[PDB]
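Since the structure comes first, as structure tokens, the remarks are kept for the end.
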Amino acid sequence: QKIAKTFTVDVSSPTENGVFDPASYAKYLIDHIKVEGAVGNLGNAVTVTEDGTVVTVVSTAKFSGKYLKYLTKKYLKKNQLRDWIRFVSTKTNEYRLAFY
Amino acid sequence: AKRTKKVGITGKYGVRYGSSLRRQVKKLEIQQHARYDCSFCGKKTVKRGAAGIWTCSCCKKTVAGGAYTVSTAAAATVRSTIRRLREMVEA
Amino acid sequence: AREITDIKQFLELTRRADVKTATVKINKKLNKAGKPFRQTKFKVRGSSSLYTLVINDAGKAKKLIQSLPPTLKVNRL
Amino acid sequence: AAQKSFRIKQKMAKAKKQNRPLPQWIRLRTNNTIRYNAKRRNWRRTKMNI
Amino acid sequence: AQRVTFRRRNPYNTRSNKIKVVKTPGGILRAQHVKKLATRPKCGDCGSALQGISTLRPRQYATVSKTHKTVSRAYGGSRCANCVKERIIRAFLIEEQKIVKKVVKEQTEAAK
RNA sequence: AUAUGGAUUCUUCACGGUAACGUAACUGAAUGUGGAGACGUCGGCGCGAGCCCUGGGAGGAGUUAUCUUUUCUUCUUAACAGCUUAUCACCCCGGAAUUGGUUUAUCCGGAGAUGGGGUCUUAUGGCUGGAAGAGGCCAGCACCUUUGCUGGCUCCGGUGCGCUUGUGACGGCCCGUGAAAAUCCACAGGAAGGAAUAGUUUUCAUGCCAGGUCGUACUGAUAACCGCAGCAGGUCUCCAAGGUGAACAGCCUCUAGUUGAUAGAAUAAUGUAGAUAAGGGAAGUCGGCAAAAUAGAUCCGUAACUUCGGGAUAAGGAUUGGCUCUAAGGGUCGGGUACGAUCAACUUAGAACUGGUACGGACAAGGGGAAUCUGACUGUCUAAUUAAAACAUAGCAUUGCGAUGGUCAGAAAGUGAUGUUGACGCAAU
RNA sequence: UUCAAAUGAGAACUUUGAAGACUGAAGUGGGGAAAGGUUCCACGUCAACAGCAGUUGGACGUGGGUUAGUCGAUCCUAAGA
RNA sequence: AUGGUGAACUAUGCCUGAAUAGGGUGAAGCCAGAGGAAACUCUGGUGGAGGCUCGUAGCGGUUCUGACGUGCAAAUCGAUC
Ligand SMILES: [Mg+2]
Ligand SMILES: [Mg+2]
Ligand SMILES: [Mg+2]
Ligand SMILES: [Mg+2]
Ligand SMILES: [Mg+2]
Ligand SMILES: [Mg+2]
Ligand SMILES: [Mg+2]
Ligand SMILES: [Mg+2]
Ligand SMILES: [Mg+2]
Ligand SMILES: [Mg+2]
Ligand SMILES: [Mg+2]
Ligand SMILES: [Mg+2]
Ligand SMILES: [Mg+2]
Ligand SMILES: [Mg+2]
Ligand SMILES: [Mg+2]
Ligand SMILES: [Mg+2]
Ligand SMILES: [Mg+2]
Ligand SMILES: [Mg+2]
Ligand SMILES: [Mg+2]
Ligand SMILES: [Mg+2]
Ligand SMILES: [Mg+2]
Ligand SMILES: [Mg+2]
Ligand SMILES: [Mg+2]
Ligand SMILES: [Mg+2]
Ligand SMILES: [Mg+2]
Ligand SMILES: [Mg+2]
Ligand SMILES: [Mg+2]
Ligand SMILES: [Mg+2]
Ligand SMILES: [Mg+2]
Ligand SMILES: [Mg+2]
Ligand SMILES: [Mg+2]
Ligand SMILES: [Mg+2]
Ligand SMILES: [Mg+2]
Ligand SMILES: [Mg+2]
Ligand SMILES: [Mg+2]
Ligand SMILES: [Mg+2]
Ligand SMILES: [Mg+2]
Ligand SMILES: [Mg+2]
Ligand SMILES: [Mg+2]
Ligand SMILES: [Mg+2]
Ligand SMILES: [Mg+2]
Ligand SMILES: [Mg+2]
Ligand SMILES: [Mg+2]
Ligand SMILES: [Mg+2]
Ligand SMILES: [Mg+2]
Ligand SMILES: [Mg+2]
Ligand SMILES: [Mg+2]
Ligand SMILES: [Mg+2]
Ligand SMILES: [Mg+2]
Ligand SMILES: [Mg+2]
Ligand SMILES: [Mg+2]
Ligand SMILES: [Mg+2]
Ligand SMILES: [Mg+2]
Ligand SMILES: [Mg+2]
Ligand SMILES: [Mg+2]
Ligand SMILES: [Mg+2]
Ligand SMILES: [Mg+2]
Ligand SMILES: [Mg+2]
Ligand SMILES: [Mg+2]
Ligand SMILES: [Mg+2]
Ligand SMILES: [Mg+2]
Ligand SMILES: [Mg+2]
Ligand SMILES: [Mg+2]
Ligand SMILES: [Mg+2]
Ligand SMILES: [Mg+2]
Ligand SMILES: [Mg+2]
Ligand SMILES: [Mg+2]
Ligand SMILES: [Mg+2]
Ligand SMILES: [Mg+2]
Ligand SMILES: [Mg+2]
Ligand SMILES: [Mg+2]
Ligand SMILES: [Mg+2]
Ligand SMILES: [Mg+2]
Ligand SMILES: [Mg+2]
Ligand SMILES: [Mg+2]
Ligand SMILES: [Mg+2]
Ligand SMILES: [Mg+2]
Ligand SMILES: [Zn+2]
């Protein structure tokens with residue numbers, strides 16, 4: 009009835025090209041994903057991590073994968089990186105940052 | 002809430018045509034739209050259906066009669082006279 | 002136009018004289034609410050109607066498929 | 002038109018057939034005298050009264 | 002938004018040119034023409050739409066098995082059952098009273 | 001055209017159900033009869049479809065100084081078939097005053113209500129078949145090429161005095177009661193024909209062949225038609241998004257479609273079309289011609305006179321933004337034989353705060369009053385100088401006529417209108 | 001209405017890209033009846049014609065195009081003939 | 001004068017089709033209430049009448065005696081109606 013939802017992002021391809029820092033990126037996530045209102049209310053309701061070259065997001069509160077593409081676009085737009093990196097779905101719910 | 006002093010159904014016609022003409026019509030409309038007693042089944046369920054044609058809600062009988070009333074006074078007094086005259090020719 | 006379920010009544014159709022072609026279609030589908038499974042539709046093209054026999058069971062399916070007339074011209078998928 | 006009778010299609014046909022310029026080789030015959038096609042007609046200039 | 006067009010040449014809204022909108026497997030709206038509706042056959046006796054009898058346009062009745070065109074009992078597809086009940090009774094009684102008026106006026110001819 | 005299977009038959013031409021009726025079938029000539037085809041208009045109510053609005057998720061897009069779990073967009077299902085589905089109607093049980101049931105709309109019952117239980121029409125909707133293989137949206141590789149190849153996803157909802165259309169059960173209206181025929185079915189009838197060593201049956205199922213002739217392009221109009229023309233005219237119709245608002249109005253937008261109509265430079269007079277003007281306020285003029293004023297809505301107030309229906313938005317007033325609160329008006333479930341729980345709607349009234357006192361802020365949108373003349377009214381006409389007081393009308397009155405007739409037509413006539421007629425009529429003023 | 005590129009001997013007027021606007025679903029949208037009769041489409045193309053122009057057109061030249069048992073006609077009947 | 005051709009405009013009848021935003025008014029019929037010695041009177045709702053009304057499309061054509069008056073046009077255009 010409650011349900012958990014994981015969400016993967018293969019940040020590899022543009023991380024392995026320097027221009028992407030996963031570091032301050034899950035940072036962008038960890039304090040801007042809003043929960044029934046605002047930022048950092050993730051009261052162990054949602055979690056973010058970085059399997060070296062992956063980001064893992066697991067929600068229990070209202071969180072759609074569209075929201076995920078929405079946040080990162082902001083990050084990407086924030087740090088100039090839009091032009092060079094798409095947020096894309098591959099397999100369902102498993103997303104990846106594409107370079108070129 | 003009595004709705005008009007006197008024009009009754011004749012209200013539709015408003016002020017047009019003049020009192021007398023409307024008086025006359027109200028009389029005969031009140032005649033035709035009225036619901037009548039059925040001679041055949043006993044229920045008052047005879048309404049009119051075009052000039053002269055009186056038919057019955059349930060039991061579906063149609064009687065020819067007056068243009069705006071079920072029985073015209075004329076035909077009534079005829080009915081009696083045909084009674085009377087028929088009487089003679091069996092007795 | 003017609004759908005069928007009596008798995009014998011179908012077998013009779015598959016040998017009903019005018020039946021030259023048949024087709025077997027396989028579909029991924031879900032079960033109740035959780036898992037998925039393997040639906041398989043058996044379609045005998047009659048001269049006047051196209052009959053299709055849904056076999057829900059994957060097991061029933063395989064064994065049914067072998068029984069298909071060895072003269073019948075079946076299109077797989 | 003839109004949905005015509007054959008009698009009218011037929012006429013219509015024969016009409017477009019006549020709708021050509023002079024074959025230039027007529028201009029070449031001995032004492033040929035026809036200089037152009039004088040009976041040339043054109044849909045938005047002269048209507049063909051059925 | 003999406004609009005639509007007639008399919009036959011006739012552009013006018015006549016009874017025989019009823020239209021109806023519809024979404025296709027293409028994912029688009031298209032007109033479809035709708036034949037004028039059947040009306041239920043009527044008891045040619047009392048006049049009610051008579052029961053048990055399927056309802057088509059007249060020629061389409063030749064395209065259907067007889068069990069769509071009758072109910073079992075006498076005057077089946079034809080009159081309204083209750084109507085036949087009347088028929089039966091009235092017939093019986095009248096045929097009887099027939100006999101009673103025979104032997105009554107048969108008595109008179111001998112008693113006078 | 002026709003066979004195979006099924007059904008039917010030794011009780012020959014099916015059973016079953018009290019019944020309404022059921023069905024895969026279940027012979028049926030002449031003749032008769034019934035239905036369908038087949039029929040006004042308006043009103044509210046009810047329901048369907050498509051549209052509109054909207055939550056969740058799954059994608060692609062746009063904006064990201066700043067803010068927005070965002071803004072846009074995709075998420076679709078044909079005819080046809082199977083099962084199923086209905087307001088109406090009807091049947092069985094039952095016997096009703098303490099009358100009950102009952103629509104928004106007062107109709108129904110001893111000629112059998114309320115009740116409980118069945119039957120039927122299949123509009124319509126549902127689920128499956130068609131049918132995901134199609135179509136829609138993505139992603140990931142390939143190469144001048146034909147252009148591929150590869151995968152994903154294409155799911156679950158909510159709301160209604162909405163819009164348009166369809167339809168049903170009703171109601172209003174008539175000195176108006178709102179085609180025809182082809183064609184298809186059914187019934188009454190029972191002429192005939194038909195089995196036990198084997199008959200009958202193609203209105204059940206399945207199977208075989210065939211469907212000719214002509215039209216199909218495009219325009220349908222500020223350029224494909226008619227106006228001498230690529231003329232500001234004329235010319236029948238269907239489909240119809242978001243906001244504001246009563247609204248298919250006006251004004252702005254999405255889709256689609258245009259961006260066509262000689263062009264440059266100046267900005268005299270006079271013009272044409274759009275506006276404003278201190279103080280006065282019709283003194284202008286044949287005449288307030290023109291123009292200005294008015295306007296929505298809520299509330300309050302409303303004269304003479306009247307055919308009692310009106311006159312009446314009479315007249316005359318106030319009020320109207322934004323924002324923030326408040327109260328009232330609903331739905332669905334389980335309760336032995338008082339309440340609780342949640343879901344979803346803009347309407348209306350009241351109360352604060354707030355501003356250069358503005359608020360129907362554009363758009364939209366009646367000037368009023370007192371009389372005289374004249375036609376009662378709504379309606380009609382001189383297309384292209386007259387729309388009126390002229391015509392018509394209901395109403396009133398007169399005339400002719402009982403068919404071998406009145407009035408009218410024709411050269412005639414075995415001719416014709418009224419006449420599918422009959423004085424409550426037709427004809428004529 | 002505007003800026004640019006393309007094309008052409010020639011570009012205010014063609015084509016494409018950009019911008020600014022309009023029609024505002026009672027349409028400058030999507031189809032049809034009557035009427036036209038090839039105007040449709042393609043290629044070529046400017047002597048005349050489109051009351052400036054023209055490389056563009058509903059022009060000029062040259063070709064291509066209209067596929068039905070089920071859509072209409074055909075059948076039926078109306079006033080009437 | 002004789003013999004002919006017209007009802008594609010328009011007038012009138014007939015036959016078969018089609019079309020008409022949103023408002024205001026609140027007629028018969030019905031429900032419930034109130035007063036009255038009585039006869040009977042009165043109130044609130046419900047309903048949705050009308051060659052009714054406000055007004056678009058539609059049909060029309062009033063005024064400017066407006067535009068135009070070698071016209072867009074041998075009757076049009078605007079605004080008003
Ligand atoms: Mg012309
Ligand atoms: Mg949409
Ligand atoms: Mg068409
Ligand atoms: Mg109609
Ligand atoms: Mg049936
Ligand atoms: Mg039956
Ligand atoms: Mg049987
Ligand atoms: Mg008949
Ligand atoms: Mg009939
Ligand atoms: Mg008809
Ligand atoms: Mg069909
Ligand atoms: Mg019941
Ligand atoms: Mg029962
Ligand atoms: Mg309601
Ligand atoms: Mg409409
Ligand atoms: Mg009727
Ligand atoms: Mg029938
Ligand atoms: Mg014999
Ligand atoms: Mg058959
Ligand atoms: Mg033949
Ligand atoms: Mg076409
Ligand atoms: Mg055009
Ligand atoms: Mg000419
Ligand atoms: Mg024109
Ligand atoms: Mg166009
Ligand atoms: Mg010009
Ligand atoms: Mg100039
Ligand atoms: Mg002044
Ligand atoms: Mg003053
Ligand atoms: Mg004065
Ligand atoms: Mg003076
Ligand atoms: Mg004067
Ligand atoms: Mg004036
Ligand atoms: Mg002023
Ligand atoms: Mg007054
Ligand atoms: Mg206020
Ligand atoms: Mg509340
Ligand atoms: Mg107070
Ligand atoms: Mg008058
Ligand atoms: Mg008038
Ligand atoms: Mg005149
Ligand atoms: Mg004259
Ligand atoms: Mg007038
Ligand atoms: Mg005039
Ligand atoms: Mg007069
Ligand atoms: Mg008088
Ligand atoms: Mg003679
Ligand atoms: Mg230009
Ligand atoms: Mg605009
Ligand atoms: Mg509009
Ligand atoms: Mg245009
Ligand atoms: Mg077209
Ligand atoms: Mg043409
Ligand atoms: Mg050609
Ligand atoms: Mg072209
Ligand atoms: Mg030249
Ligand atoms: Mg030209
Ligand atoms: Mg020129
Ligand atoms: Mg030139
Ligand atoms: Mg050509
Ligand atoms: Mg047909
Ligand atoms: Mg034929
Ligand atoms: Mg005419
Ligand atoms: Mg209306
Ligand atoms: Mg109003
Ligand atoms: Mg109205
Ligand atoms: Mg009392
Ligand atoms: Mg009304
Ligand atoms: Mg009126
Ligand atoms: Mg009016
Ligand atoms: Mg208005
Ligand atoms: Mg007009
Ligand atoms: Mg008029
Ligand atoms: Mg003038
Ligand atoms: Mg002049
Ligand atoms: Mg004018
Ligand atoms: Mg007007
Ligand atoms: Zn009766």
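Chains as they are written, first to last, in the entry's author numbering: chain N2, 9 to 108; chain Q3, 2 to 92; chain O8, 2 to 78; chain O9, 2 to 51; chain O4, 2 to 113.
All residues carry an ideal CB built from backbone N, CA and C; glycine is no exception.
DSSP lists no bridge partner for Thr-100 (chain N2).
In summary, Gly-67 (chain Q3) is buried, with 16 or more beta-carbon neighbours lying within 10 Å of its beta-carbon over all protein chains present.
In the DSSP assignment, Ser-67 (chain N2) falls within the beta strand (DSSP E) that extends over 63-67. Beta-bridge annotation (DSSP): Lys-30 (chain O8) is paired with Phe-38 (chain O8). The continuous stretches of alpha helix (DSSP H) do not include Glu-4 (chain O8), which lies in the beta strand (DSSP E) extending over residues 3-5. Here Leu-23 (chain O9) carries a coil assignment [DSSP, helix/strand/coil]. For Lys-37 (chain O4), there is no enclosing beta strand (DSSP E), since its DSSP letter is neither H nor E.
For ligand 17, a non-hydrogen atom lies closer than 8 Å to the CB of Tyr-62 (chain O4). With respect to the 9 Å criterion, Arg-74 (chain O4) and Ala-63 (chain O4) are not classified as neighbours on the basis of their beta carbons. Annotation: the continuous alpha helix (DSSP H) that includes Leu-76 (chain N2) extends over 73-86.
Using a C-beta cut-off of 8 Å, the segment 35-52 of chain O8 makes contact with the segment 12-22 of chain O8, since at least three inter-stretch Cβ pairs fall below that distance.
A contact between stretches requires three or more CB pairs, one per stretch, nearer than 8 Å, and the segment 75-82 of chain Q3 fails this requirement with the segment 29-42 of chain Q3. Excluding the 5 residues flanking it on each side, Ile-27 (chain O9) has same chain C-beta neighbours closer than 7 Å at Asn-33, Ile-35, in chain order.
Going by DSSP, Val-47 (chain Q3) is part of the beta strand (DSSP E) stretching over 45-49. For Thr-23 (chain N2), the three-state secondary structure derived from DSSP is helix.
Comparing C-alpha distances from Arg-3 (chain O8) to each of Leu-54 (chain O8), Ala-34 (chain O8), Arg-39 (chain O8) shows the shortest one belongs to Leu-54 (chain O8).
Looking from the CA of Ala-12 (chain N2), the closest CA among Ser-72 (chain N2), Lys-42 (chain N2), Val-63 (chain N2) belongs to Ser-72 (chain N2). The closest heavy atom of ligand 57 lies less than 8 Å from the beta carbon of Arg-45 (chain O9).
Counting only runs of 3 or more residues that sit fully inside the segment 16-64 of chain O4, no beta strand (DSSP E) segment turns up.
Cβ-Cβ distances below 8 Å link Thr-6 (chain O8) to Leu-54, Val-55 in the same chain, with the five nearest sequence neighbours on each side left out; the list follows chain order. Here DSSP, grouped into helix, strand and coil, assigns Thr-24 (chain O8) to strand. Within the DSSP secondary-structure output, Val-54 (chain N2) pairs in a beta bridge with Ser-67 (chain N2). Within 10 angstroms of the beta-carbon of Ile-93 (chain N2) lie 16 or more other beta-carbons, which makes it buried. The Cβ-Cβ distance between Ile-31 (chain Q3) and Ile-10 (chain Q3) falls below 9 Å. The segment 27-37 of chain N2 and the segment 82-93 of chain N2 touch, with three or more beta-carbon pairs separated by less than 8 Å. A Cβ-Cβ separation of about 6 Å places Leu-73 (chain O8) in contact with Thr-15 (chain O8) under the 8 Å criterion.
Excluding residues up to 5 positions away in sequence, nothing lies with its Cβ nearer than 6 Å to the Cβ of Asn-20 (chain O9) in the same chain. The segment 40-48 of chain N2 makes contact with the segment 71-87 of chain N2: 3 or more CB pairs, one atom from each, lie closer than 8 Å. DSSP places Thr-53 (chain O8) outside any alpha helix (DSSP H); the residue lies instead in the beta strand (DSSP E), whose first and last residues are 51-56. Here DSSP, grouped into helix, strand and coil, assigns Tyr-36 (chain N2) to helix. Each of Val-35 (chain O4), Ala-111 (chain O4), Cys-47 (chain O4), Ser-55 (chain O4) was checked against the Cα of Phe-7 (chain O4), and the nearest Cα belongs to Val-35 (chain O4).
Ranked by how close their Cα comes to the Cα of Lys-61 (chain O8), the residues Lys-33 (chain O8), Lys-36 (chain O8), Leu-31 (chain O8), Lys-42 (chain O8) have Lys-42 (chain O8) in first place.
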